[PDB]
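J.: Below you'll find entry08.cif; it's mmCIF, C-alpha atoms and all ligand atoms.
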```cif
data_protein
#
loop_
_atom_site.label_atom_id
_atom_site.label_comp_id
_atom_site.auth_asym_id
_atom_site.auth_seq_id
_atom_site.Cartn_x
_atom_site.Cartn_y
_atom_site.Cartn_z
CA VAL J 145 68.95 113.00 121.61
CA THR J 146 66.60 113.48 118.58
CA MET J 147 66.98 114.38 114.82
CA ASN J 148 67.56 118.02 116.02
CA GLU J 149 70.76 117.09 117.88
CA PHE J 150 72.52 116.72 114.49
CA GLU J 151 73.34 118.40 111.15
CA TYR J 152 72.96 116.28 108.01
CA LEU J 153 75.83 116.73 105.57
CA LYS J 154 76.33 114.00 102.99
CA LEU J 155 74.49 110.92 101.90
CA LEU J 156 76.91 107.88 102.18
CA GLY J 157 74.61 105.01 101.23
CA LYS J 158 70.92 104.21 100.62
CA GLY J 159 69.54 100.71 100.38
CA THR J 160 65.78 100.05 100.43
CA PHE J 161 65.25 99.94 104.24
CA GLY J 162 66.75 103.34 104.59
CA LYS J 163 69.90 105.44 104.32
CA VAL J 164 73.30 106.35 105.83
CA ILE J 165 74.25 110.00 106.33
CA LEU J 166 77.42 111.74 107.55
CA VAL J 167 76.26 113.85 110.49
CA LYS J 168 77.67 116.31 112.99
CA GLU J 169 76.46 116.34 116.56
CA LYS J 170 75.64 119.98 117.53
CA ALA J 171 76.72 119.63 121.09
CA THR J 172 80.20 118.28 120.36
CA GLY J 173 81.27 119.04 116.81
CA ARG J 174 81.89 115.28 116.33
CA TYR J 175 81.14 113.47 113.09
CA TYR J 176 79.24 110.17 112.93
CA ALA J 177 77.51 107.95 110.49
CA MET J 178 73.73 107.88 110.94
CA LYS J 179 71.75 104.88 109.75
CA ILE J 180 68.13 106.13 109.48
CA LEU J 181 65.46 103.51 108.85
CA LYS J 182 61.74 104.23 108.18
CA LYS J 183 59.65 102.32 110.80
CA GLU J 184 56.91 101.79 108.15
CA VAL J 185 59.34 100.17 105.72
CA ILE J 186 61.13 98.05 108.44
CA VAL J 187 57.73 96.73 109.61
CA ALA J 188 56.39 96.12 106.08
CA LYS J 189 59.62 94.32 104.90
CA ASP J 190 59.71 92.22 108.05
CA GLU J 191 63.07 93.75 109.16
CA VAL J 192 62.05 94.22 112.83
CA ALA J 193 63.91 91.36 114.53
CA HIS J 194 67.07 92.18 112.41
CA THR J 195 66.96 95.77 113.66
CA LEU J 196 66.78 94.65 117.35
CA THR J 197 69.56 92.15 116.80
CA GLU J 198 71.83 94.83 115.35
CA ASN J 199 70.87 97.17 118.23
CA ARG J 200 71.83 94.46 120.90
CA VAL J 201 74.97 93.38 119.15
CA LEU J 202 76.20 96.96 118.78
CA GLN J 203 75.32 97.87 122.42
CA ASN J 204 76.97 94.68 123.85
CA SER J 205 80.22 94.80 121.78
CA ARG J 206 83.41 96.82 122.18
CA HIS J 207 86.28 95.98 119.85
CA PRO J 208 88.78 98.02 117.86
CA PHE J 209 87.55 96.60 114.48
CA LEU J 210 83.86 96.66 115.14
CA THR J 211 81.90 99.87 114.48
CA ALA J 212 81.06 101.52 117.80
CA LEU J 213 77.57 102.75 118.50
CA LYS J 214 77.15 106.14 120.25
CA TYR J 215 73.31 106.49 120.22
CA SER J 216 70.25 104.70 119.17
CA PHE J 217 67.06 106.67 119.21
CA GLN J 218 63.62 106.63 117.60
CA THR J 219 61.06 109.13 116.38
CA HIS J 220 57.38 108.65 115.35
CA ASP J 221 58.52 107.46 111.88
CA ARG J 222 62.28 106.65 112.24
CA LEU J 223 64.88 104.44 113.93
CA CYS J 224 68.34 105.89 114.01
CA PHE J 225 71.77 104.44 114.93
CA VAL J 226 74.55 106.99 115.35
CA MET J 227 77.81 105.16 114.77
CA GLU J 228 81.48 105.83 114.43
CA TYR J 229 82.14 107.16 110.93
CA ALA J 230 84.63 105.14 108.87
CA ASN J 231 86.07 107.92 106.58
CA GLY J 232 88.04 105.41 104.51
CA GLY J 233 85.00 103.86 102.81
CA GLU J 234 84.21 100.18 102.00
CA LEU J 235 86.79 97.65 100.98
CA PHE J 236 84.47 97.06 98.03
CA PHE J 237 85.27 100.66 96.90
CA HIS J 238 89.07 100.13 97.13
CA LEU J 239 89.23 96.73 95.57
CA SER J 240 86.89 97.80 92.72
CA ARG J 241 89.55 100.41 91.85
CA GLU J 242 92.80 98.47 92.60
CA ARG J 243 91.62 95.05 91.42
CA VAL J 244 93.74 93.07 93.93
CA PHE J 245 95.61 93.74 97.18
CA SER J 246 99.13 92.57 97.78
CA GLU J 247 99.43 89.49 100.00
CA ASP J 248 100.76 91.75 102.81
CA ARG J 249 97.90 94.11 102.64
CA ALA J 250 95.26 91.23 102.47
CA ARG J 251 97.07 89.69 105.43
CA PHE J 252 96.75 92.90 107.51
CA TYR J 253 92.99 93.16 106.86
CA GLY J 254 92.49 89.36 107.32
CA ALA J 255 94.23 89.54 110.74
CA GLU J 256 91.98 92.47 111.90
CA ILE J 257 88.90 90.68 110.62
CA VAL J 258 89.98 87.44 112.44
CA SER J 259 90.58 89.47 115.69
CA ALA J 260 87.02 90.90 115.49
CA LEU J 261 85.35 87.61 114.62
CA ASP J 262 87.24 85.73 117.39
CA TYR J 263 85.88 88.41 119.78
CA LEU J 264 82.32 88.06 118.52
CA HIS J 265 82.38 84.23 118.74
CA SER J 266 84.39 83.79 121.93
CA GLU J 267 83.38 86.79 124.12
CA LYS J 268 80.00 87.59 122.80
CA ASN J 269 78.56 84.21 121.52
CA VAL J 270 77.57 85.93 118.23
CA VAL J 271 78.04 84.63 114.64
CA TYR J 272 78.22 87.49 112.21
CA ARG J 273 76.91 85.57 109.04
CA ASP J 274 77.27 88.40 106.42
CA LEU J 275 81.04 89.03 105.98
CA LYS J 276 81.66 90.67 102.54
CA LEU J 277 83.56 93.60 100.95
CA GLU J 278 80.57 95.91 101.38
CA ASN J 279 80.35 95.39 105.15
CA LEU J 280 84.14 95.95 105.72
CA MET J 281 85.19 99.64 105.97
CA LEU J 282 88.48 101.49 106.71
CA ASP J 283 88.64 104.12 109.48
CA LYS J 284 90.68 107.34 109.18
CA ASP J 285 93.94 105.52 110.08
CA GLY J 286 93.40 102.53 107.83
CA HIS J 287 92.06 99.91 110.23
CA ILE J 288 89.12 97.65 109.48
CA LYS J 289 85.67 98.34 110.73
CA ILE J 290 82.93 95.75 110.43
CA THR J 291 79.49 97.35 109.76
CA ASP J 292 75.91 96.07 109.58
CA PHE J 293 75.00 93.56 112.32
CA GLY J 294 71.38 92.77 111.33
CA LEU J 295 72.01 89.17 110.29
CA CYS J 296 73.95 88.16 113.43
CA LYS J 297 72.97 85.12 115.41
CA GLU J 298 73.20 85.70 119.15
CA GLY J 299 73.39 83.16 121.98
CA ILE J 300 75.63 80.81 120.00
CA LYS J 301 78.08 79.14 122.45
CA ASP J 302 80.91 77.03 121.11
CA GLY J 303 79.59 74.59 118.39
CA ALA J 304 75.88 75.18 118.89
CA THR J 305 73.87 75.28 115.51
CA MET J 306 71.41 77.56 113.64
CA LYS J 307 68.96 77.25 110.75
CA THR J 308 68.19 80.66 109.19
CA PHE J 309 68.73 80.86 105.43
CA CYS J 310 70.39 84.29 105.27
CA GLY J 311 73.63 86.09 104.29
CA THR J 312 74.58 87.26 100.81
CA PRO J 313 74.23 84.74 98.03
CA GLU J 314 77.76 85.21 96.58
CA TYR J 315 79.26 84.41 100.09
CA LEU J 316 76.96 81.58 101.31
CA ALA J 317 78.71 78.60 102.82
CA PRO J 318 77.99 75.17 101.34
CA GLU J 319 76.43 73.81 104.61
CA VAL J 320 73.97 76.67 104.51
CA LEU J 321 73.11 75.91 100.84
CA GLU J 322 72.77 72.16 101.89
CA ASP J 323 69.82 73.26 104.16
CA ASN J 324 71.83 71.74 107.08
CA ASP J 325 71.93 73.11 110.64
CA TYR J 326 75.30 75.00 110.80
CA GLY J 327 77.64 76.54 113.37
CA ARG J 328 79.93 79.58 113.66
CA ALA J 329 82.43 78.10 111.12
CA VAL J 330 80.27 79.71 108.39
CA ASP J 331 82.17 82.94 109.46
CA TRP J 332 85.42 81.33 108.33
CA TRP J 333 83.95 80.42 104.93
CA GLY J 334 83.03 84.18 104.56
CA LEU J 335 86.61 85.10 105.57
CA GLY J 336 87.90 82.72 102.95
CA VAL J 337 85.74 84.31 100.21
CA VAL J 338 86.82 87.84 101.30
CA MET J 339 90.56 86.80 101.43
CA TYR J 340 90.12 85.15 98.02
CA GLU J 341 88.65 88.38 96.47
CA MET J 342 91.49 90.45 98.02
CA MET J 343 94.29 88.31 96.75
CA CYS J 344 92.79 87.02 93.52
CA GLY J 345 90.62 89.92 92.34
CA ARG J 346 87.42 87.88 91.80
CA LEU J 347 84.91 85.77 93.79
CA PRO J 348 85.90 82.14 94.04
CA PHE J 349 82.45 81.02 92.69
CA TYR J 350 80.80 83.28 90.28
CA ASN J 351 77.55 83.43 88.21
CA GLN J 352 75.24 86.41 88.00
CA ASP J 353 72.34 84.07 88.62
CA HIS J 354 72.18 83.08 92.34
CA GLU J 355 70.99 79.57 91.66
CA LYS J 356 73.77 78.72 89.17
CA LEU J 357 76.24 80.28 91.64
CA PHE J 358 74.85 77.89 94.39
CA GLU J 359 75.66 74.86 92.12
CA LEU J 360 79.35 76.01 91.79
CA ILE J 361 79.66 76.54 95.54
CA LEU J 362 78.42 73.01 96.29
CA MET J 363 80.20 71.22 93.43
CA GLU J 364 83.45 72.84 92.22
CA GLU J 365 86.83 73.23 93.84
CA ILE J 366 88.25 76.76 93.87
CA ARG J 367 90.90 77.64 91.23
CA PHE J 368 94.18 79.05 92.40
CA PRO J 369 95.88 81.74 90.17
CA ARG J 370 99.58 80.92 89.70
CA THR J 371 100.66 84.11 91.40
CA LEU J 372 99.34 82.93 94.84
CA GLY J 373 102.11 81.93 97.23
CA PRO J 374 102.01 78.50 98.92
CA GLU J 375 100.87 79.86 102.41
CA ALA J 376 98.09 81.89 100.71
CA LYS J 377 96.94 78.85 98.75
CA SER J 378 96.98 76.67 101.90
CA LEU J 379 95.00 79.32 103.81
CA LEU J 380 92.37 79.71 101.04
CA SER J 381 92.16 75.96 100.64
CA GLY J 382 91.58 75.55 104.37
CA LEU J 383 89.03 78.31 104.86
CA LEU J 384 87.07 77.19 101.73
CA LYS J 385 86.72 73.51 102.69
CA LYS J 386 83.06 72.72 101.93
CA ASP J 387 82.59 70.47 104.99
CA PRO J 388 82.72 72.88 107.93
CA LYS J 389 84.12 70.00 110.17
CA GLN J 390 87.21 70.03 107.95
CA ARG J 391 87.39 73.81 107.53
CA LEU J 392 90.26 75.84 109.09
CA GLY J 393 88.61 77.30 112.21
CA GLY J 394 85.91 74.55 112.12
CA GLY J 395 86.94 72.82 115.41
CA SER J 396 86.75 73.68 119.07
CA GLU J 397 89.76 76.11 118.78
CA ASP J 398 87.70 78.28 116.32
CA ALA J 399 89.76 81.38 115.35
CA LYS J 400 92.87 80.10 117.15
CA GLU J 401 93.32 77.50 114.45
CA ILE J 402 93.44 80.28 111.75
CA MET J 403 95.71 82.49 113.86
CA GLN J 404 98.29 79.61 113.98
CA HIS J 405 98.27 79.11 110.19
CA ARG J 406 101.71 79.76 108.48
CA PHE J 407 100.13 82.47 106.22
CA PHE J 408 99.84 84.56 109.46
CA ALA J 409 103.40 83.58 110.81
CA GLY J 410 104.43 87.20 110.62
CA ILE J 411 101.63 88.47 112.75
CA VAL J 412 101.61 89.23 116.45
CA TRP J 413 97.96 88.93 117.36
CA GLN J 414 98.19 90.93 120.52
CA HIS J 415 99.70 93.82 118.52
CA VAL J 416 96.86 93.49 115.88
CA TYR J 417 94.41 94.03 118.71
CA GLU J 418 96.43 96.90 120.31
CA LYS J 419 96.56 98.54 116.83
CA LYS J 420 100.39 98.60 116.95
CA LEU J 421 100.80 97.41 113.35
CA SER J 422 101.19 100.03 110.58
CA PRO J 423 98.26 100.00 108.22
CA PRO J 424 99.26 99.40 104.65
CA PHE J 425 96.97 102.22 103.43
CA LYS J 426 96.03 105.49 105.15
CA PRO J 427 92.93 107.19 103.74
CA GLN J 428 94.13 110.52 102.22
CA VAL J 429 91.32 112.84 103.36
CA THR J 430 91.61 116.60 103.69
CA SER J 431 88.73 117.22 106.16
CA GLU J 432 86.36 114.83 107.93
CA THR J 433 83.57 115.84 105.52
CA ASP J 434 85.84 114.64 102.75
CA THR J 435 83.91 111.65 101.29
CA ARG J 436 86.34 110.87 98.47
CA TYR J 437 86.09 107.15 99.42
CA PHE J 438 82.33 106.95 98.97
CA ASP J 439 80.46 106.41 95.69
CA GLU J 440 79.30 109.50 93.83
CA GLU J 441 75.76 108.15 93.20
CA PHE J 442 75.28 108.75 96.93
CA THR J 443 77.36 111.74 97.97
CA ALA J 444 76.22 113.96 95.02
CA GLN J 445 72.51 113.25 95.96
CA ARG J 466 54.79 102.50 112.79
CA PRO J 467 55.01 101.08 116.32
CA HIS J 468 57.07 102.15 119.33
CA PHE J 469 60.18 100.05 119.65
CA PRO J 470 60.34 99.11 123.39
CA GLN J 471 63.68 100.09 124.90
CA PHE J 472 65.36 100.73 121.53
CA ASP J 473 66.96 103.96 122.71
CA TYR J 474 70.57 103.95 123.87
CA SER J 475 73.58 106.13 124.69
CA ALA J 476 77.15 104.95 125.18
CA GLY P 1 85.05 94.82 89.60
CA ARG P 2 81.83 92.95 90.37
CA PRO P 3 78.39 94.52 90.96
CA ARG P 4 77.33 95.37 94.54
CA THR P 5 75.63 92.43 96.24
CA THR P 6 72.49 92.39 98.40
CA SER P 7 72.07 90.77 101.85
CA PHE P 8 68.85 88.79 102.49
CA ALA P 9 67.09 86.50 104.97
CA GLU P 10 64.33 83.96 104.25
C1 LIG Y 501 75.94 102.06 108.81
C2 LIG Y 501 77.31 101.42 108.85
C3 LIG Y 501 78.38 102.46 109.07
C4 LIG Y 501 78.95 102.69 110.31
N1 LIG Y 501 79.90 103.64 110.17
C5 LIG Y 501 79.90 104.07 108.89
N2 LIG Y 501 80.71 105.06 108.40
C6 LIG Y 501 80.61 105.42 107.10
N3 LIG Y 501 79.75 104.74 106.31
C7 LIG Y 501 78.97 103.72 106.75
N4 LIG Y 501 78.20 103.23 105.74
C8 LIG Y 501 78.24 103.76 104.34
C9 LIG Y 501 77.53 102.65 103.52
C10 LIG Y 501 77.72 101.47 104.39
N5 LIG Y 501 79.13 101.27 104.06
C11 LIG Y 501 77.03 100.14 104.03
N6 LIG Y 501 75.64 100.09 104.51
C12 LIG Y 501 74.66 100.56 103.80
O1 LIG Y 501 74.87 101.05 102.70
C13 LIG Y 501 73.25 100.52 104.27
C14 LIG Y 501 72.77 99.49 105.08
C15 LIG Y 501 71.43 99.51 105.49
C16 LIG Y 501 70.63 100.56 105.07
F1 LIG Y 501 69.35 100.62 105.41
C17 LIG Y 501 71.10 101.57 104.24
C18 LIG Y 501 72.42 101.53 103.83
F2 LIG Y 501 72.89 102.52 103.06
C19 LIG Y 501 77.35 102.10 105.78
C20 LIG Y 501 79.00 103.37 108.13
MN MN Y 502 73.85 89.10 93.39
#
```
When written as structure tokens, how does the structure in this file appear?
Ligand SMILES: CCc1c[nH]c2ncnc(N3CC[C@](N)(CNC(=O)c4ccc(F)cc4F)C3)c12
Ligand SMILES: [Mn+2]
T.:
Amino acid sequence: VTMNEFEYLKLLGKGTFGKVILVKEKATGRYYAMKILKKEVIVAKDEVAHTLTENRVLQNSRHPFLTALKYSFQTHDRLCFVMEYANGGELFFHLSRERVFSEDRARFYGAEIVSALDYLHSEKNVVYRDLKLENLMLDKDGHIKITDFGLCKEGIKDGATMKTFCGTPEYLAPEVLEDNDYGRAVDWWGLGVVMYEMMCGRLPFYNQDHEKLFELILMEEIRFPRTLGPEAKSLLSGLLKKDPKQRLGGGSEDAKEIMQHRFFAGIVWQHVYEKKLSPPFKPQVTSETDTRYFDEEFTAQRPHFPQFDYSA
Amino acid sequence: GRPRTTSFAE
């Protein structure tokens, strides 16, 4: 497998380190998303260890709501990940248009996200660290796919701690902003911010300027719009506790504490995993090359890496 | 709708 094994069809995203393209594999007629990074750029921007981390996490993980990796391969100038294509686009795309999701619909995505993160933490010893609307896509049937594993921490067993200042500023957990060592409960802060955006239509702490935004995160309690039901409020309150020791999910039971919360009383977690629950929204695509759920700005448009290469 | 955010690592 090389660049010649594929046809390049549409640009889906492009973000400094490289690009994402909808491709078709010549041998099979199957469509994939190809993340194509320039080696030069990755090396120059210091993105090498993040690339290997994403490569290991993707190779090691198999879960219905995590993007599956088919191939990794390199050229002289490129590193390429060929991944399952999520034809439904980013949650960021949908919520930008719809403003808010109903509690039921936010619940469905929350449960799938919880199922994936419980898997990462408990089976794989990985903390994801960058949960956000942009890294949450919908597949052709309407199920969540988590994308973009470059910021993961690996080898994190139970409550063990980490130190890297990383993530996305609007989603950073207070213990991270405190410059404290922190554990996998940061993932449940991220879930809380995502759940908050879905049900409330805005970030719970907001300033365009990252540093003013950091002051709100550390100081202010979240506001609760009067339309939020009591189980929703309790869940958001719990996941956005600023002390991770008091956070929902912040103890030894990790995701099992969130799964038991009354906001999720309707949900049968084994059926979430088995994909037996009807998605609230099915992407209405005509074709497979139909990129209606991707932004028009896009779709209209040197070392050897030892043992990078992979096939599933 | 908020602007797209950017991931980072220090
Ligand atoms: C690459 C993640 C991915 C797996 N499966 C996909 N199916 C469709 N689109 C995907 N996209 C489109 C844009 C994306 N939603 C977010 N990531 C990026 O935009 C991105 C990240 C790093 C980079 F170098 C360039 C980028 F465009 C990924 C996927
Ligand atoms: Mn920003």
J.: Give me, as a ChimeraX atom specification, the contact residues of chain J against chain P at a cut-off of 7 Å, counting only C-alpha atoms.
T.: /J:240,243,309-312
J.: Could you give me the residues within 10 Å of ligand LIG 501 (chain Y), counting only C-alpha atoms and all ligand atoms, as a PyMOL selection string?
T.: (chain J and resi 155-166+175-182+186+195+210-213+224-237+277-283+289-294+435+437-439+442) or (chain P and resi 6-7)
J.: For the residues selected in the previous step, produce a file with C-alpha atoms as a PDB file, in the coordinates of the input.
T.:
```pdb
ATOM      1  CA  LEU J 155      74.490 110.920 101.900  1.00  0.00           C
ATOM      2  CA  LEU J 156      76.910 107.880 102.180  1.00  0.00           C
ATOM      3  CA  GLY J 157      74.610 105.010 101.230  1.00  0.00           C
ATOM      4  CA  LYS J 158      70.920 104.210 100.620  1.00  0.00           C
ATOM      5  CA  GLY J 159      69.540 100.710 100.380  1.00  0.00           C
ATOM      6  CA  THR J 160      65.780 100.050 100.430  1.00  0.00           C
ATOM      7  CA  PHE J 161      65.250  99.940 104.240  1.00  0.00           C
ATOM      8  CA  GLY J 162      66.750 103.340 104.590  1.00  0.00           C
ATOM      9  CA  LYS J 163      69.900 105.440 104.320  1.00  0.00           C
ATOM     10  CA  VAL J 164      73.300 106.350 105.830  1.00  0.00           C
ATOM     11  CA  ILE J 165      74.250 110.000 106.330  1.00  0.00           C
ATOM     12  CA  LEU J 166      77.420 111.740 107.550  1.00  0.00           C
ATOM     13  CA  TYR J 175      81.140 113.470 113.090  1.00  0.00           C
ATOM     14  CA  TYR J 176      79.240 110.170 112.930  1.00  0.00           C
ATOM     15  CA  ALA J 177      77.510 107.950 110.490  1.00  0.00           C
ATOM     16  CA  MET J 178      73.730 107.880 110.940  1.00  0.00           C
ATOM     17  CA  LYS J 179      71.750 104.880 109.750  1.00  0.00           C
ATOM     18  CA  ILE J 180      68.130 106.130 109.480  1.00  0.00           C
ATOM     19  CA  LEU J 181      65.460 103.510 108.850  1.00  0.00           C
ATOM     20  CA  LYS J 182      61.740 104.230 108.180  1.00  0.00           C
ATOM     21  CA  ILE J 186      61.130  98.050 108.440  1.00  0.00           C
ATOM     22  CA  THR J 195      66.960  95.770 113.660  1.00  0.00           C
ATOM     23  CA  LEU J 210      83.860  96.660 115.140  1.00  0.00           C
ATOM     24  CA  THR J 211      81.900  99.870 114.480  1.00  0.00           C
ATOM     25  CA  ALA J 212      81.060 101.520 117.800  1.00  0.00           C
ATOM     26  CA  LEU J 213      77.570 102.750 118.500  1.00  0.00           C
ATOM     27  CA  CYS J 224      68.340 105.890 114.010  1.00  0.00           C
ATOM     28  CA  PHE J 225      71.770 104.440 114.930  1.00  0.00           C
ATOM     29  CA  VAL J 226      74.550 106.990 115.350  1.00  0.00           C
ATOM     30  CA  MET J 227      77.810 105.160 114.770  1.00  0.00           C
ATOM     31  CA  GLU J 228      81.480 105.830 114.430  1.00  0.00           C
ATOM     32  CA  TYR J 229      82.140 107.160 110.930  1.00  0.00           C
ATOM     33  CA  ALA J 230      84.630 105.140 108.870  1.00  0.00           C
ATOM     34  CA  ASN J 231      86.070 107.920 106.580  1.00  0.00           C
ATOM     35  CA  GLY J 232      88.040 105.410 104.510  1.00  0.00           C
ATOM     36  CA  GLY J 233      85.000 103.860 102.810  1.00  0.00           C
ATOM     37  CA  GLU J 234      84.210 100.180 102.000  1.00  0.00           C
ATOM     38  CA  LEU J 235      86.790  97.650 100.980  1.00  0.00           C
ATOM     39  CA  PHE J 236      84.470  97.060  98.030  1.00  0.00           C
ATOM     40  CA  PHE J 237      85.270 100.660  96.900  1.00  0.00           C
ATOM     41  CA  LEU J 277      83.560  93.600 100.950  1.00  0.00           C
ATOM     42  CA  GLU J 278      80.570  95.910 101.380  1.00  0.00           C
ATOM     43  CA  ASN J 279      80.350  95.390 105.150  1.00  0.00           C
ATOM     44  CA  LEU J 280      84.140  95.950 105.720  1.00  0.00           C
ATOM     45  CA  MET J 281      85.190  99.640 105.970  1.00  0.00           C
ATOM     46  CA  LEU J 282      88.480 101.490 106.710  1.00  0.00           C
ATOM     47  CA  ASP J 283      88.640 104.120 109.480  1.00  0.00           C
ATOM     48  CA  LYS J 289      85.670  98.340 110.730  1.00  0.00           C
ATOM     49  CA  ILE J 290      82.930  95.750 110.430  1.00  0.00           C
ATOM     50  CA  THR J 291      79.490  97.350 109.760  1.00  0.00           C
ATOM     51  CA  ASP J 292      75.910  96.070 109.580  1.00  0.00           C
ATOM     52  CA  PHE J 293      75.000  93.560 112.320  1.00  0.00           C
ATOM     53  CA  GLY J 294      71.380  92.770 111.330  1.00  0.00           C
ATOM     54  CA  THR J 435      83.910 111.650 101.290  1.00  0.00           C
ATOM     55  CA  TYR J 437      86.090 107.150  99.420  1.00  0.00           C
ATOM     56  CA  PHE J 438      82.330 106.950  98.970  1.00  0.00           C
ATOM     57  CA  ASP J 439      80.460 106.410  95.690  1.00  0.00           C
ATOM     58  CA  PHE J 442      75.280 108.750  96.930  1.00  0.00           C
TER      59      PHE J 442
ATOM     60  CA  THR P   6      72.490  92.390  98.400  1.00  0.00           C
ATOM     61  CA  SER P   7      72.070  90.770 101.850  1.00  0.00           C
TER      62      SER P   7
END
```
J.: Hey, can you check how far CA of residue 389 (chain J) sits from CA of residue 255 (chain J)?
T.: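 Computed distance, CA of residue 389 (chain J) to CA of residue 255 (chain J), equals 22.0 Å.
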J.: From the list J:323, J:191, J:355, J:248, which residue is nearest ligand MN 502 (chain Y) when using all atoms listed in the file?
T.: J:355
J.: Which polymer residues, whether protein, DNA or RNA, lie within 8 Å of the coordinate (92.8, 108.4, 109.6) when you count only C-alpha atoms? List them as a PyMOL selection string, using the chain letters and numbers from the file.
T.: chain J and resi 231-232+283-286+426-429
J.: Contacts between ligand MN 502 (chain Y) and chain J, please, where a residue of chain J counts if it comes within 9 Å (with only C-alpha atoms and all ligand atoms); show its shortest atom pair and distance in Å to one decimal, rows by chain and ascending number, as CSV.
T.:
```
residue,atom,partner,partner_atom,distance
J:312,CA,Y:MN502,MN,7.7
J:313,CA,Y:MN502,MN,6.4
J:314,CA,Y:MN502,MN,6.4
J:351,CA,Y:MN502,MN,8.5
J:352,CA,Y:MN502,MN,6.2
J:353,CA,Y:MN502,MN,7.1
J:354,CA,Y:MN502,MN,6.3
```
J.: To one decimal place in Å, what is the distance between CA of residue 338 (chain J) and CA of residue 196 (chain J)?
T.: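 Going from CA of residue 338 (chain J) over to CA of residue 196 (chain J) covers 26.6 Å.
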J.: Quick one, how far is CA of residue 385 (chain J) from CA of residue 251 (chain J)?
T.: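 Separating CA of residue 385 (chain J) from CA of residue 251 (chain J) is a distance of 19.4 Å.
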J.: Which residues are near residue 374 (chain J)? Cut-off 12 Å, only C-alpha atoms, ignore same chain within fewer than 4 positions. Put them as a VMD selection string.
T.: chain J and resid 247 368 to 370 378 to 381 405 to 407
J.: Take the residues from that selection and write them out as a PDB file, in the coordinates of the input, keeping C-alpha atoms.
T.:
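Ended up saving to result18.pdb:
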```pdb
ATOM      1  CA  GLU J 247      99.430  89.490 100.000  1.00  0.00           C
ATOM      2  CA  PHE J 368      94.180  79.050  92.400  1.00  0.00           C
ATOM      3  CA  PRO J 369      95.880  81.740  90.170  1.00  0.00           C
ATOM      4  CA  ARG J 370      99.580  80.920  89.700  1.00  0.00           C
ATOM      5  CA  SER J 378      96.980  76.670 101.900  1.00  0.00           C
ATOM      6  CA  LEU J 379      95.000  79.320 103.810  1.00  0.00           C
ATOM      7  CA  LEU J 380      92.370  79.710 101.040  1.00  0.00           C
ATOM      8  CA  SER J 381      92.160  75.960 100.640  1.00  0.00           C
ATOM      9  CA  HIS J 405      98.270  79.110 110.190  1.00  0.00           C
ATOM     10  CA  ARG J 406     101.710  79.760 108.480  1.00  0.00           C
ATOM     11  CA  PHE J 407     100.130  82.470 106.220  1.00  0.00           C
TER      12      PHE J 407
END
```
